[PDB]
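# Fold and contact review
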Amino acid sequence: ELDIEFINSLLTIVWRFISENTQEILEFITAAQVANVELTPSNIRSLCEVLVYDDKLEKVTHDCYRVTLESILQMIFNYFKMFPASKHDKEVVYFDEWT
Amino acid sequence: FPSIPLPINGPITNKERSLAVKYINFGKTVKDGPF
Amino acid sequence: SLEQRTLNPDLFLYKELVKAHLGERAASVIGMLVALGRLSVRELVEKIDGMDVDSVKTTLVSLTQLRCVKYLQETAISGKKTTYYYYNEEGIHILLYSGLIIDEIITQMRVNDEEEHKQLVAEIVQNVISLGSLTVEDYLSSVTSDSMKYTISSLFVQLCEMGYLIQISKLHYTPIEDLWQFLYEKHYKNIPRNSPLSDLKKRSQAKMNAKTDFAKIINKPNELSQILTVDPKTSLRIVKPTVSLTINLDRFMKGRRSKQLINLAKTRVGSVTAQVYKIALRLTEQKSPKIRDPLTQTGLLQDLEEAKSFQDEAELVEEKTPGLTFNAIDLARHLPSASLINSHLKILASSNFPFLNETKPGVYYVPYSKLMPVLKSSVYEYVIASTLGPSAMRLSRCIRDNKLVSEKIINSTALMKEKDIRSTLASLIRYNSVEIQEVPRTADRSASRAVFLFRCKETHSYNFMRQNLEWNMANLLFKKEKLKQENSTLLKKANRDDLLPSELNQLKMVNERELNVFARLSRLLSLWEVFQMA
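As a starting point, this report considers the structure included with it.

Attention shifts here to the overall build of chain C. Counting secondary structure elements, chain C contains 27 helices and eight strands. Dimensions of chain C along its principal axes, counting C-alpha atoms only, are 80 × 80 × 70 Å.

Structure follows, in structure tokens:
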């Protein structure tokens with residue numbers, strides 16, 4: 001809503017129910033801990049789109065939303081558990097130093 | 001001096017360790033073959 | 001290392017490969033053609049320095065045997081027979097992929113277990129093309145003559161009739177365009193005094209009949225009616241012994257296509273259906289649409305009406321293909337449950353990617369033409385979030401749907417602060433993911449009285465990412481051979497034995513560090529072969 005942060009801390013709550021499988025989302029968000037007011041559906045369709053950009057959430061059937069099963073990734077298509085040594089090994093690959 | 005690495009940098013697994021042995025005898029076959 | 005980092009295209013790759021496993025003498029000449037296009041022998045020797053005329057003919061026959069060039073002949077009215085030589089692109093991909101075919105024989109030929117040709121079936125791939133061409137008598141007259149080779153010779157027709165053992169001809173030793181010119185005026189052997197009128201139809205009757213001939217002559221490799229001879233005596237079947245044959249990429253590149261296409265399953269579903277969909281593809285690559293699709297290499301691709309027709313026939317062949325349209329019935333018994341078929345492939349219909357969607361009810365097929373372009377969109381954006389922040393992944397997805405985005409609507413669509421996005425966005429102008437487009441509010445396109453728009457530009461974003469890795473192949477291969485320049489005394493001493501107790505220490509570290517090179521080479525190569533579905 002407002003230009004400062006805590007929208008990132010807002011959006012981490014709404015994803016938790018959809019992992020286990022848009023007017024139903026308005027009942028989910030109203031709770032004790034939520035404070036920002038009047039929670040209009042125009043901000044819900046905007047806040048839902050960011051998780052599609054971050055690939056956490058899927059858009060189907062023009063109004064339905066499902067998880068992209070990033071929860072098992074959250075726990076080759078797996079950058080985690082991939083640690084580089086990066087020291088005393090001169091034969092490494094960089095993305096720069098070709099431009 | 002160059003930063004920002006590729007994310008594929010890890011210890012070799014036995015799934016590809018024998019696959020890498022198939023390269024070193026390949027070039028030795030060609031060079032110690034005819035040419 | 002700046003002298004390599006800047007002034008080297010994939011010519012730095014190709015000069016390295018002939019330097020990697022071949023003599024030094026051919027490294028200059030194979031660079032000289034691709035730096036020049038085409039040149040014959042009578043102008044070859046003047047451009048190069050250090051090699052004589054017959055010294056070239058001594059050298060040129062070496063890479064001619066390993067299918068590294070493709071030759072051609074042209075005669076003039078007044079001139080003699082001139083041998084214009086062209087360049088082969090796919091013949092050196094065998095040299096590039098050469099380890100991965102060895103682990104393709106094992107993983108695709110799964111009927112056998114605990115067989116004693118395990119060392120032998122890996123040797124034949126090392127025999128069929130590393131020696132150049134190959135015929136049947138070449139291995140029959142080895143140090144073993146009979147020696148239970150009927151279990152070996154009849155084993156090869158299992159390994160030939162499964163594909164990728166097509167007999168070579170003039171078609172494989174020539175490129176694709178120079179043979180199209182000879183057959184083009186073969187269909188223009190028509191006198192102009194038969195029906196001269198409406199002259200724009202005269203090349204139409206040339207091109208529609210040569211199109212059927214080009215489809216015929218590309219089946220001449222795949223025409224398996226003559227690659228096999230029925231044996232009346234002592235043998236069930238065998239291929240013809242007078243056939244000189246090699247291995248190609250066509251089953252391998254389609255094999256690596258599904259090997260790549262199986263990797264999206266383990267991301268988009270768990271482990272149960274990822275085991276299911278492996279069976280659904282393995283019956284299909286025996287006759288699929290070609291991944292390189294050689295019918296669109298060079299022709300009348302420039303006008304739109306023919307450019308429509310290059311996929312107006314390809315999808316209709318793909319939809320009406322008998323060789324891959326499976327009944328969704330017989331695949332259940334291939335798993336080492338008819339309800340579990342239409343339940344575990346129900347999520348194949350409901351998944352967000354166009355695979356197993358359009359078909360007749362009851363029978364299924366795997367759509368191809370609209371599938372791999374989203375695979376190219378799938379992994380490329382995932383590599384954008386790899387090496388820098390995932391805030392770029394939010395920016396990367398934002399442009400394709402919010403078309404021609406501005407920086408005003410970027411705060412209504414995406415939600416971050418104005419201190420971290422401009423640091424991230426400018427990190428993606430440098431890497432050619434976005435395209436700037438400025439619109440002025442004054443005359444002469446003044447910079448200050450102007451605003452700016454972005455664009456996705458799905459062409460230059462992927463051309464940059466292709467050749468960013470093509471240089472990253474030989475950059476590691478150049479560090480391979482400089483490791484052979486070091487320690488060069490004892491490596492020939494370790495090759496003349498077939499022992500100082502402290503010398504052996506400096507032999508293991510140089511062997512394990514080069515072992516990581518071939519390990520990481522297979523990693524980036526799988527990331528590179530995704531962009532070869534063009």
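Right, picking up where we left off after that structure.
Moving on to the interface of chain C and chain A. With 37 residues of chain C at the contact, the number on the chain A side is 26 residues. Summed over both sides, the interface of chain C with chain A buries roughly 3200 Å², with 58% coming from carbon and sulfur. Here chain C is connected to chain A by five salt bridges. Here A:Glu91 makes a salt bridge to C:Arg513, at a shortest N to O gap of 3.8 Å. There are nine residue pairs in polar contact connecting chain C and chain A. Mapped onto the side of chain C that touches chain A, the elements with two or more residues apiece are α15 (263–268), α21 (372–387), α22 (391–401), α23 (410–413), α25 (460–485) and α27 (505–528) of chain C. Counting residues per element, the side of chain C that touches chain A draws most heavily on α25(C), at nine residues. Its residues assigned to classes, the side of chain C that touches chain A comprises 14 nonpolar, 14 polar and nine charged.

A complete count under the given rule lists 17 aromatic pairs over all chains for this structure. Measuring from ring centre to ring centre gives 6.1 Å for C:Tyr277 and C:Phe355, while their planes differ by 50°; the resulting arrangement is tilted. Given a relative accessible area of 7%, C:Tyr277 falls into the buried group. Here a set of aromatic residues connected by ring pairs shows up, and it is made of A:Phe77, A:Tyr79 and C:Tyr382. Sitting over the ring of C:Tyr462, C:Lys376 keeps its end group 4.3 Å from the ring centre.

This part is about a positive patch on the surface. A cluster of like positive charges, contributed by B:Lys28, B:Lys31, C:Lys484, C:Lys492 and C:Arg496, occupies part of the molecular surface. Mapped onto the fold, C:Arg496 is located in the loop between α26 (488–493) and α27.

Time to look at the environment of C:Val379. Inspection of the secondary structure assignment puts C:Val379 in helix α21. Apart from residues no more than four positions distant in its own chain, C:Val379 is found in contact with A:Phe77, C:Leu527 and C:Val530.

This part covers the state of the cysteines. Residues and elements named next belong to chain A. Here the structure, examined in full by the defined rule, presents zero disulfides over all chains. No disulfide involves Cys-48; its sulfur sits 9.8 Å from that of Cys-64, the nearest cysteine. We classify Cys-48 as buried; its relative accessible area is 13%. Residue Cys-64 is classed as partly exposed on the basis of its relative accessible area of 25%.

What follows is about the side chain of C:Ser98. Within the secondary structure, C:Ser98 sits in the loop between α6 (91–96) and α7 (102–108). Not counting residues up to four positions away in its chain, the partners in contact with C:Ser98 are B:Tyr23 and B:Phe26.

Within the largest apolar cluster, 123 residues are counted, with the highest numbers of intra-cluster contacts made by C:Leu13, C:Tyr97, C:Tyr277, C:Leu356 and C:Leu525. It is α25(C) that provides the largest number of residues to this core, a total of nine residues. If you look at the next biggest cluster of nonpolar residues, it comprises 13 residues, including A:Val14, A:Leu51, A:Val52 and A:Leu57.

Calculation notes
Residues numbered from 1 in each chain as written, not as in the entry; some residues may be left out. Chains lettered and ligands numbered in written order. Part of a larger assembly, values for the part shown. Heavy atoms only, no water. Residues with missing side-chain atoms left out of burial classes, pairs and counts. Helix = DSSP H or I, 4+ residues; strand = E, 2+ residues; numbered from the N terminus. Contact = heavy atoms within 4.5 Å. Buried area = accessible area lost by both parts, 1.4 Å probe. Salt bridge = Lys/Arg side-chain N within 4 Å of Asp/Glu carboxyl O. Polar contact = N/O pair within 3.5 Å; in protein donor to acceptor, adjacent residues only side chain to side chain. Nonpolar A, V, L, I, M, F, W, Y, C, P; charged D, E, K, R; others polar. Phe/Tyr/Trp six-rings, centres within 6.5 Å; stacked < 30°, edge-to-face > 60°. Buried < 20%, exposed > 50% of the residue type's maximum accessible area, 1.4 Å probe, protein only. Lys NZ or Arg CZ within 6 Å of the ring centre and 35° of its normal. Patch = residues over 30% accessible without salt bridge, like charges linked within 9 Å, V, L, I, M, F, W, Y side chains within 5 Å. Areas by Shrake-Rupley, 256 points an atom, 1.4 Å probe, with all protein chains shown as cover. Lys, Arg positive; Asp, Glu negative; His and termini not counted. Charge placed at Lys NZ, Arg CZ, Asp CG, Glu CD. Disulfide = S-S within 2.5 Å. Core = buried A, V, L, I, M, F, W, Y, C linked by side-chain atoms within 4.5 Å.

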